[PDB]
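Source file: query.tsv; contents: TSV, C-alpha atoms (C1' of nucleotides).
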```
chain	number	residue	atom	x	y	z
A	585	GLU	CA	-45.56	-48.27	10.15
A	586	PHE	CA	-46.90	-45.89	7.47
A	587	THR	CA	-44.96	-47.72	4.72
A	588	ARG	CA	-46.12	-51.20	5.92
A	589	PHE	CA	-49.82	-50.39	6.65
A	590	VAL	CA	-50.62	-47.56	4.14
A	591	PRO	CA	-48.50	-47.68	0.89
A	592	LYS	CA	-51.35	-45.48	-0.44
A	593	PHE	CA	-49.58	-42.52	1.29
A	594	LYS	CA	-46.27	-40.61	0.88
A	595	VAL	CA	-44.20	-39.46	3.87
A	596	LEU	CA	-41.59	-36.75	4.54
A	597	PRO	CA	-38.77	-37.00	7.12
A	598	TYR	CA	-37.99	-33.78	8.97
A	599	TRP	CA	-34.87	-34.13	11.13
A	600	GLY	CA	-31.06	-34.00	10.85
A	601	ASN	CA	-28.81	-31.48	9.09
A	602	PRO	CA	-30.01	-27.88	8.45
A	603	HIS	CA	-29.17	-28.60	4.77
A	604	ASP	CA	-31.57	-31.57	4.59
A	605	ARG	CA	-34.28	-29.55	6.39
A	606	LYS	CA	-33.76	-26.62	3.93
A	607	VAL	CA	-33.87	-29.04	0.95
A	608	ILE	CA	-37.04	-30.77	2.20
A	609	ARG	CA	-38.77	-27.35	2.64
A	610	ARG	CA	-38.68	-27.11	-1.20
A	611	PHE	CA	-40.77	-30.29	-1.62
A	612	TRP	CA	-43.55	-28.85	0.61
A	613	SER	CA	-43.20	-25.29	-0.80
A	622	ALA	CA	-50.29	-31.56	-1.54
A	623	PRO	CA	-48.56	-34.90	-2.50
A	624	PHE	CA	-46.46	-34.42	0.67
A	625	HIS	CA	-49.36	-36.16	2.47
A	626	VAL	CA	-47.64	-36.46	5.90
A	627	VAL	CA	-44.53	-35.12	7.71
A	628	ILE	CA	-42.73	-36.80	10.67
A	629	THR	CA	-41.22	-34.35	13.21
A	630	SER	CA	-39.52	-34.07	16.61
A	631	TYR	CA	-40.64	-31.70	19.45
A	632	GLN	CA	-37.13	-30.14	19.59
A	633	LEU	CA	-37.38	-29.05	15.91
B	1	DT	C1'	-51.23	-20.25	61.13
B	2	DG	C1'	-51.89	-22.10	56.72
B	3	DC	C1'	-50.81	-22.58	51.67
B	4	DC	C1'	-47.99	-21.83	47.86
B	5	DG	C1'	-45.30	-19.29	45.15
B	6	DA	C1'	-41.46	-18.20	44.09
B	7	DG	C1'	-36.96	-20.34	44.36
B	8	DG	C1'	-32.54	-22.67	43.42
B	9	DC	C1'	-29.77	-27.10	41.30
B	10	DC	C1'	-29.04	-31.05	37.26
B	11	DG	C1'	-29.88	-34.83	32.19
B	12	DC	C1'	-31.60	-34.07	26.53
B	13	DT	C1'	-30.68	-32.05	21.65
B	14	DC	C1'	-28.86	-29.14	18.51
B	15	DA	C1'	-24.88	-26.45	16.24
B	16	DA	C1'	-20.40	-24.59	15.22
B	17	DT	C1'	-15.09	-25.87	15.27
B	18	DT	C1'	-11.46	-29.63	15.05
B	19	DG	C1'	-9.29	-32.75	14.09
B	20	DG	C1'	-9.12	-37.07	11.51
B	21	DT	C1'	-9.01	-40.41	7.20
B	22	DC	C1'	-9.72	-41.33	1.75
B	23	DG	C1'	-8.28	-41.38	-2.62
B	24	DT	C1'	-6.56	-39.18	-6.78
B	25	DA	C1'	-4.27	-35.70	-9.92
B	26	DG	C1'	-1.83	-32.96	-11.79
B	27	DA	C1'	2.81	-30.23	-10.61
B	28	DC	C1'	7.53	-30.87	-8.48
B	29	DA	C1'	11.80	-32.67	-8.10
B	30	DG	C1'	15.07	-34.74	-10.73
B	31	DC	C1'	17.45	-36.94	-14.91
B	32	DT	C1'	19.48	-36.57	-18.56
B	33	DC	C1'	20.52	-33.92	-20.75
B	34	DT	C1'	24.33	-32.41	-25.20
B	35	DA	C1'	23.61	-28.53	-26.20
B	36	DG	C1'	26.25	-24.40	-26.30
B	37	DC	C1'	27.57	-20.67	-25.19
B	38	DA	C1'	28.98	-18.27	-21.64
B	39	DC	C1'	33.08	-18.48	-17.66
B	40	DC	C1'	37.31	-19.06	-17.38
B	41	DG	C1'	42.41	-18.69	-18.20
B	42	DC	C1'	45.81	-16.18	-20.74
B	43	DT	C1'	48.05	-12.72	-22.58
B	44	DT	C1'	48.10	-7.70	-24.20
B	45	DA	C1'	48.20	-2.80	-23.93
B	46	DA	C1'	46.21	-0.36	-22.32
B	47	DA	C1'	42.92	4.26	-17.74
B	48	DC	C1'	42.23	5.65	-13.79
B	49	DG	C1'	42.70	5.04	-9.04
B	50	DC	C1'	45.41	6.70	-5.32
B	51	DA	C1'	49.02	8.29	-1.23
B	52	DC	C1'	50.98	12.43	-0.77
B	53	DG	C1'	53.00	19.59	1.20
B	54	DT	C1'	50.89	23.51	0.75
B	55	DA	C1'	47.86	27.76	-0.32
B	56	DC	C1'	44.56	29.14	2.31
B	57	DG	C1'	39.07	29.14	3.07
B	58	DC	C1'	36.26	28.96	6.14
B	59	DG	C1'	34.58	26.22	10.53
B	60	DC	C1'	34.86	27.34	14.87
B	61	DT	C1'	35.80	30.58	18.66
B	62	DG	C1'	35.61	34.87	23.06
B	63	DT	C1'	33.15	38.82	23.70
B	64	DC	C1'	28.65	41.80	24.68
B	65	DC	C1'	23.14	42.76	23.96
B	66	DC	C1'	18.58	42.14	24.11
B	67	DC	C1'	13.24	39.60	22.51
B	68	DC	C1'	10.92	35.80	23.05
B	69	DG	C1'	10.72	32.77	26.20
B	70	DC	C1'	8.80	31.75	31.09
B	71	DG	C1'	5.35	32.10	34.61
B	72	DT	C1'	0.16	33.08	36.36
B	73	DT	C1'	-4.60	32.72	36.56
B	74	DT	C1'	-9.39	33.89	34.68
B	75	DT	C1'	-12.32	32.39	31.93
B	76	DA	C1'	-14.26	30.52	28.38
B	77	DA	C1'	-16.47	27.55	25.80
B	78	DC	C1'	-14.62	23.25	24.02
B	79	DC	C1'	-15.20	18.85	24.61
B	80	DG	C1'	-16.74	15.36	26.77
B	81	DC	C1'	-20.87	12.89	28.33
B	82	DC	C1'	-26.00	10.14	28.17
B	83	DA	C1'	-30.25	9.04	26.51
B	84	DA	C1'	-33.91	8.86	22.74
B	85	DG	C1'	-35.60	8.29	18.01
B	86	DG	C1'	-35.54	6.92	13.16
B	87	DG	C1'	-34.36	4.80	9.92
B	88	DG	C1'	-31.44	2.62	6.97
B	89	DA	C1'	-28.03	-0.86	7.25
B	90	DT	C1'	-28.87	-5.91	7.79
B	91	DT	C1'	-30.77	-10.78	7.30
B	92	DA	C1'	-32.81	-14.37	5.27
B	93	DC	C1'	-35.24	-16.01	1.51
B	94	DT	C1'	-36.61	-17.06	-3.93
B	95	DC	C1'	-35.96	-16.10	-8.65
B	96	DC	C1'	-33.06	-15.33	-11.73
B	97	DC	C1'	-28.85	-14.28	-15.09
B	98	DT	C1'	-24.40	-14.96	-16.30
B	99	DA	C1'	-19.60	-16.52	-14.89
B	100	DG	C1'	-17.29	-19.85	-15.92
B	101	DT	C1'	-15.90	-24.43	-18.70
B	102	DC	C1'	-14.64	-26.70	-23.03
B	103	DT	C1'	-14.37	-26.95	-27.49
B	104	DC	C1'	-13.87	-25.77	-32.10
B	105	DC	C1'	-11.76	-22.71	-35.13
B	106	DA	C1'	-8.60	-18.76	-37.72
B	107	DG	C1'	-5.67	-15.72	-38.80
B	108	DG	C1'	-3.23	-11.50	-36.46
B	109	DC	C1'	0.55	-10.50	-35.11
B	110	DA	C1'	4.09	-11.08	-32.23
B	111	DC	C1'	7.49	-13.77	-33.11
B	112	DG	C1'	11.51	-14.78	-35.55
B	113	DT	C1'	15.47	-14.14	-39.16
B	114	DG	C1'	18.46	-11.95	-43.29
B	115	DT	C1'	21.11	-7.67	-44.90
B	116	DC	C1'	24.05	-4.53	-44.26
B	117	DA	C1'	23.46	2.10	-43.94
B	118	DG	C1'	22.67	5.92	-42.19
B	119	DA	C1'	23.56	6.37	-38.47
B	120	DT	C1'	26.92	8.42	-34.59
B	121	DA	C1'	31.50	7.88	-32.70
B	122	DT	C1'	36.27	9.52	-32.76
B	123	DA	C1'	40.37	13.22	-34.24
B	124	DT	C1'	42.35	17.46	-35.24
B	125	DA	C1'	42.07	22.37	-35.80
B	126	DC	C1'	39.87	26.11	-33.76
B	127	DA	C1'	37.14	30.26	-32.85
B	128	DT	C1'	33.93	31.47	-29.93
B	129	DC	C1'	30.93	31.47	-26.19
B	130	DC	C1'	30.82	31.45	-21.79
B	131	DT	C1'	32.68	32.18	-16.96
B	132	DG	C1'	34.71	35.14	-13.37
B	133	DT	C1'	35.61	39.39	-12.48
B	134	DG	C1'	34.77	43.97	-11.63
B	135	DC	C1'	31.31	47.71	-11.17
B	136	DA	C1'	26.60	52.20	-10.88
B	137	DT	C1'	21.57	52.68	-9.17
B	138	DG	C1'	17.44	51.50	-8.14
B	139	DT	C1'	14.46	49.24	-5.51
B	140	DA	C1'	12.60	46.96	-2.14
B	141	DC	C1'	13.05	47.75	2.59
B	142	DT	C1'	12.30	49.71	7.51
B	143	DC	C1'	10.27	53.46	9.81
B	144	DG	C1'	6.77	57.08	11.32
B	145	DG	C1'	2.16	59.31	11.11
B	146	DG	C1'	-2.64	59.16	9.78
B	147	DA	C1'	-7.00	56.81	7.64
B	148	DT	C1'	-10.05	53.03	7.42
B	149	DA	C1'	-12.05	48.79	9.27
B	150	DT	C1'	-13.96	45.61	13.00
B	151	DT	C1'	-14.23	43.86	17.14
B	152	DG	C1'	-17.06	43.75	21.65
```

Representation of the structure as structure tokens:
Amino acid sequence: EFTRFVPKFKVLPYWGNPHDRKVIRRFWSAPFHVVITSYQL
DNA sequence: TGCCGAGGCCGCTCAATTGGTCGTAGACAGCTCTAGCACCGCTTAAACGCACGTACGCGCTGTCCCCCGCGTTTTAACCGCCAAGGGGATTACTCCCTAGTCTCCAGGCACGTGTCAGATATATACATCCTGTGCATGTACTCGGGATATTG
């Protein structure tokens, strides 16, 4: 929905393996305009 | 009474192990070496093991004779404990430096041969050093009496 309606923005996943979470934390260590997250994380 | 508050059972979601499947890369097993030099077989003249009273050396033996063992219990603090406090050993993160890879590149030297000598072995003659024996004292010991040190 972000990619179809607002290609003006850039979006970060934040779920899955601890490795992928740890890696993504480097990219938001603000062109990381929005992050998508789950309650359980 | 009331209310409710506190109370006790059951599907998500994530996070190690566990076991499974993929594909690919040297390293293992094996072949033929081949090649050669050790194992063998065959003699020989050779050393050294070995089955075997007797002199006799000492391993084992029958006695008595005593401390250190054997037994008791008081106590004495040794040793254990628990609980608290402080920090320092620990954890999790970010930056950082080099460990490690490969690659090129040389010559140092460990490798190898090529000759043949000063070395040490072996014999005979032998003298001498060294062992086994026999043989005095000199001390290091065991005891008794008193002085100094140290525990309670």

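Taking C1' of residue 28 in chain B as the reference point, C1' of residue 103 in chain B is found at 29.3 Å.
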
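Residue-level contacts from chain A to chain B at 10 Å, counting all atoms listed in the file, read residues 600, 601, 602, 632 and 633 of chain A.
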
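Computed from the coordinates, the CA of residue 592 in chain A to CA of residue 627 in chain A distance equals 14.8 Å.
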
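Relative to CA of residue 613 in chain A, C1' of residue 95 in chain B is found at 14.1 Å.
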
When you look at residue 596 in chain A with a cut-off of 12 Å (counting only C-alpha atoms (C1' of nucleotides)), what residues show up, excluding the ones that are within fewer than 4 positions of it in the same chain? I need them as a ChimeraX atom specification.
/A:586-587,604-605,607-612,622-629

As JSON, what would the box around range 125-143 of chain B look like: edges along x, y and z, 4 Å added on every side, centre and edge lengths in Å to one decimal?
```
{"center_x": 26.2, "center_y": 37.9, "center_z": -13.0, "size_x": 39.8, "size_y": 39.1, "size_z": 53.6}
```

Take range 599-630 of chain A, model N, CA, C and O atoms, and hand the result over as a PDB file, in the coordinates of the input.
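Saved the output as out_9.pdb:
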```
ATOM      1  N   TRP A 599     -35.882 -34.223  10.086  1.00  0.00           N
ATOM      2  CA  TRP A 599     -34.870 -34.130  11.130  1.00  0.00           C
ATOM      3  C   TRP A 599     -33.474 -34.282  10.512  1.00  0.00           C
ATOM      4  O   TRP A 599     -33.330 -34.691   9.358  1.00  0.00           O
ATOM      5  N   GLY A 600     -32.447 -33.931  11.297  1.00  0.00           N
ATOM      6  CA  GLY A 600     -31.060 -34.000  10.850  1.00  0.00           C
ATOM      7  C   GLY A 600     -30.493 -32.635  10.473  1.00  0.00           C
ATOM      8  O   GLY A 600     -30.839 -31.614  11.066  1.00  0.00           O
ATOM      9  N   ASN A 601     -29.607 -32.645   9.467  1.00  0.00           N
ATOM     10  CA  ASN A 601     -28.810 -31.480   9.090  1.00  0.00           C
ATOM     11  C   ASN A 601     -29.709 -30.315   8.664  1.00  0.00           C
ATOM     12  O   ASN A 601     -30.735 -30.517   8.009  1.00  0.00           O
ATOM     13  N   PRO A 602     -29.310 -29.053   8.966  1.00  0.00           N
ATOM     14  CA  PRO A 602     -30.010 -27.880   8.450  1.00  0.00           C
ATOM     15  C   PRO A 602     -30.167 -27.937   6.930  1.00  0.00           C
ATOM     16  O   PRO A 602     -31.204 -27.524   6.418  1.00  0.00           O
ATOM     17  N   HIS A 603     -29.153 -28.459   6.223  1.00  0.00           N
ATOM     18  CA  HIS A 603     -29.170 -28.600   4.770  1.00  0.00           C
ATOM     19  C   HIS A 603     -30.336 -29.479   4.310  1.00  0.00           C
ATOM     20  O   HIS A 603     -31.062 -29.114   3.391  1.00  0.00           O
ATOM     21  N   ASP A 604     -30.509 -30.639   4.949  1.00  0.00           N
ATOM     22  CA  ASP A 604     -31.570 -31.570   4.590  1.00  0.00           C
ATOM     23  C   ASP A 604     -32.937 -30.982   4.907  1.00  0.00           C
ATOM     24  O   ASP A 604     -33.853 -31.112   4.100  1.00  0.00           O
ATOM     25  N   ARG A 605     -33.069 -30.295   6.053  1.00  0.00           N
ATOM     26  CA  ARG A 605     -34.280 -29.550   6.390  1.00  0.00           C
ATOM     27  C   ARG A 605     -34.597 -28.502   5.310  1.00  0.00           C
ATOM     28  O   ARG A 605     -35.699 -28.503   4.766  1.00  0.00           O
ATOM     29  N   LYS A 606     -33.626 -27.634   4.970  1.00  0.00           N
ATOM     30  CA  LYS A 606     -33.760 -26.620   3.930  1.00  0.00           C
ATOM     31  C   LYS A 606     -34.162 -27.223   2.575  1.00  0.00           C
ATOM     32  O   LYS A 606     -35.020 -26.665   1.893  1.00  0.00           O
ATOM     33  N   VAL A 607     -33.536 -28.343   2.181  1.00  0.00           N
ATOM     34  CA  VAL A 607     -33.870 -29.040   0.950  1.00  0.00           C
ATOM     35  C   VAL A 607     -35.316 -29.539   1.000  1.00  0.00           C
ATOM     36  O   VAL A 607     -36.083 -29.276   0.071  1.00  0.00           O
ATOM     37  N   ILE A 608     -35.714 -30.193   2.100  1.00  0.00           N
ATOM     38  CA  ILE A 608     -37.040 -30.770   2.200  1.00  0.00           C
ATOM     39  C   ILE A 608     -38.125 -29.685   2.185  1.00  0.00           C
ATOM     40  O   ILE A 608     -39.184 -29.909   1.605  1.00  0.00           O
ATOM     41  N   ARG A 609     -37.853 -28.488   2.730  1.00  0.00           N
ATOM     42  CA  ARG A 609     -38.770 -27.350   2.640  1.00  0.00           C
ATOM     43  C   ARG A 609     -39.167 -26.987   1.199  1.00  0.00           C
ATOM     44  O   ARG A 609     -40.222 -26.386   0.992  1.00  0.00           O
ATOM     45  N   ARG A 610     -38.344 -27.336   0.196  1.00  0.00           N
ATOM     46  CA  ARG A 610     -38.680 -27.110  -1.200  1.00  0.00           C
ATOM     47  C   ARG A 610     -39.813 -28.037  -1.668  1.00  0.00           C
ATOM     48  O   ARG A 610     -40.662 -27.632  -2.462  1.00  0.00           O
ATOM     49  N   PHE A 611     -39.824 -29.280  -1.165  1.00  0.00           N
ATOM     50  CA  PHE A 611     -40.770 -30.290  -1.620  1.00  0.00           C
ATOM     51  C   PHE A 611     -42.176 -30.029  -1.067  1.00  0.00           C
ATOM     52  O   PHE A 611     -43.154 -30.468  -1.675  1.00  0.00           O
ATOM     53  N   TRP A 612     -42.277 -29.322   0.078  1.00  0.00           N
ATOM     54  CA  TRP A 612     -43.550 -28.850   0.610  1.00  0.00           C
ATOM     55  C   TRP A 612     -43.701 -27.321   0.502  1.00  0.00           C
ATOM     56  O   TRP A 612     -44.465 -26.713   1.252  1.00  0.00           O
ATOM     57  N   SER A 613     -43.048 -26.709  -0.503  1.00  0.00           N
ATOM     58  CA  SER A 613     -43.200 -25.290  -0.800  1.00  0.00           C
ATOM     59  C   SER A 613     -44.635 -24.968  -1.292  1.00  0.00           C
ATOM     60  O   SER A 613     -45.224 -24.016  -0.719  1.00  0.00           O
ATOM     61  N   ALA A 622     -51.258 -31.273  -2.630  1.00  0.00           N
ATOM     62  CA  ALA A 622     -50.290 -31.560  -1.540  1.00  0.00           C
ATOM     63  C   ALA A 622     -49.900 -33.046  -1.541  1.00  0.00           C
ATOM     64  O   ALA A 622     -50.358 -33.810  -0.685  1.00  0.00           O
ATOM     65  N   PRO A 623     -49.030 -33.511  -2.484  1.00  0.00           N
ATOM     66  CA  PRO A 623     -48.560 -34.900  -2.500  1.00  0.00           C
ATOM     67  C   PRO A 623     -47.613 -35.277  -1.351  1.00  0.00           C
ATOM     68  O   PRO A 623     -47.335 -36.456  -1.134  1.00  0.00           O
ATOM     69  N   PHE A 624     -47.133 -34.261  -0.614  1.00  0.00           N
ATOM     70  CA  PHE A 624     -46.460 -34.420   0.670  1.00  0.00           C
ATOM     71  C   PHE A 624     -47.503 -34.699   1.768  1.00  0.00           C
ATOM     72  O   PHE A 624     -47.672 -33.906   2.695  1.00  0.00           O
ATOM     73  N   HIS A 625     -48.159 -35.869   1.694  1.00  0.00           N
ATOM     74  CA  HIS A 625     -49.360 -36.160   2.470  1.00  0.00           C
ATOM     75  C   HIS A 625     -49.138 -36.107   3.987  1.00  0.00           C
ATOM     76  O   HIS A 625     -50.065 -35.758   4.724  1.00  0.00           O
ATOM     77  N   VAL A 626     -47.933 -36.471   4.470  1.00  0.00           N
ATOM     78  CA  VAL A 626     -47.640 -36.460   5.900  1.00  0.00           C
ATOM     79  C   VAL A 626     -46.160 -36.155   6.168  1.00  0.00           C
ATOM     80  O   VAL A 626     -45.293 -36.550   5.398  1.00  0.00           O
ATOM     81  N   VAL A 627     -45.884 -35.465   7.289  1.00  0.00           N
ATOM     82  CA  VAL A 627     -44.530 -35.120   7.710  1.00  0.00           C
ATOM     83  C   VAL A 627     -44.291 -35.637   9.135  1.00  0.00           C
ATOM     84  O   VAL A 627     -45.132 -35.442  10.011  1.00  0.00           O
ATOM     85  N   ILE A 628     -43.119 -36.264   9.366  1.00  0.00           N
ATOM     86  CA  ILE A 628     -42.730 -36.800  10.670  1.00  0.00           C
ATOM     87  C   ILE A 628     -41.711 -35.860  11.321  1.00  0.00           C
ATOM     88  O   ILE A 628     -40.689 -35.556  10.719  1.00  0.00           O
ATOM     89  N   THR A 629     -41.970 -35.439  12.570  1.00  0.00           N
ATOM     90  CA  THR A 629     -41.220 -34.350  13.210  1.00  0.00           C
ATOM     91  C   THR A 629     -40.973 -34.632  14.696  1.00  0.00           C
ATOM     92  O   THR A 629     -41.705 -35.368  15.365  1.00  0.00           O
ATOM     93  N   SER A 630     -39.942 -33.957  15.221  1.00  0.00           N
ATOM     94  CA  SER A 630     -39.520 -34.070  16.610  1.00  0.00           C
ATOM     95  C   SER A 630     -39.843 -32.772  17.361  1.00  0.00           C
ATOM     96  O   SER A 630     -39.623 -31.696  16.819  1.00  0.00           O
TER      97      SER A 630
END
```
